[PDB]
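Notes to accompany the following structure.
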Amino acid sequence: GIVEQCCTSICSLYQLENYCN
Amino acid sequence: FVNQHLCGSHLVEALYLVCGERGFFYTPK
């Protein structure tokens with residue numbers, strides 16, 4: 001999930017926008 | 001601000017700034 005992708009590893013804009021409504 | 005390790009309040013802040021008026025879901029489990 002988001003923690004594995006953006007906290008344990010380096011985040012991206014691409015991935016953050018997958019969590020916008 | 002997005003291209004880094006973001007945890008906790010730092011991750012929620014990035015979601016808030018990117019998603020704007022859409023809002024977002026924060027599902028750490």
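These numbers come from the heavy atoms of this one structure, side chains and all, not from hydrogens, waters or symmetry mates. Here is how names work: the chains are called A, B, and so on, in the same order as the sequence lines, proteins then strands, and each is numbered from 1.
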Taking only distance into account, with no hydrogens and no angle test, what donor-acceptor pairs under 3.5 Å do side-chain atoms of residues 10-18 of chain A form with protein atoms, sequence neighbours excluded?
residue : atom : partner : partner atom : Å
A:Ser12 : OG   : A:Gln15 : N            : 3.2
A:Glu17 : OE2  : B:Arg22 : NH2          : 3.2

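Counted within 6.0 Å of NE2 on B:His10, heavy atoms from surrounding residues, nucleotides or ligands total 12 or fewer; the atom is thus considered open.
A:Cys6 contributes atom SG, which lies 7.5 Å from atom CG of B:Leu15 (distance to the nearest 0.5 angstrom). Between the CG atom in B:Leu11 and the CD atom in A:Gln5 there is a gap of 11.5 Å [rounded to 0.5 Å].
Residues forming a salt bridge (charged side-chain N to carboxylate O under 4.0 Å, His left out) with B:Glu13 (at least two apart in sequence, or on another chain): none. Taking A:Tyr19 as the reference, B:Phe25 meet the ring pair (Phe, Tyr, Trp, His ring centres under 6.0 Å) condition, with sequence neighbours excluded. Under the rule for a ring pair (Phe, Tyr, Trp, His ring centres under 6.0 Å), B:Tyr16 has no partner lying at least two apart in sequence or in another chain.
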*asked:* Does B:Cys19 form a disulfide bond (SG atoms under 2.5 Å apart) with A:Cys20? I'd like the steps, not just the answer.
replied: CA-CA 5 Å; B:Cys19 296; A:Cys20 306; 2.0 Å; yes
*Check step by step if side-chain contact (heavy atoms from CB on, under 4.5 Å) holds for B:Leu6 and B:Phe1.*
CA-CA 9 Å; B:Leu6 295 169; B:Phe1 61 100; 6.0 Å; no
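Pairs engaging residues 1-14 of chain A under the salt bridge (charged side-chain N to carboxylate O under 4.0 Å, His left out) rule: none recorded [sequence neighbours left out].
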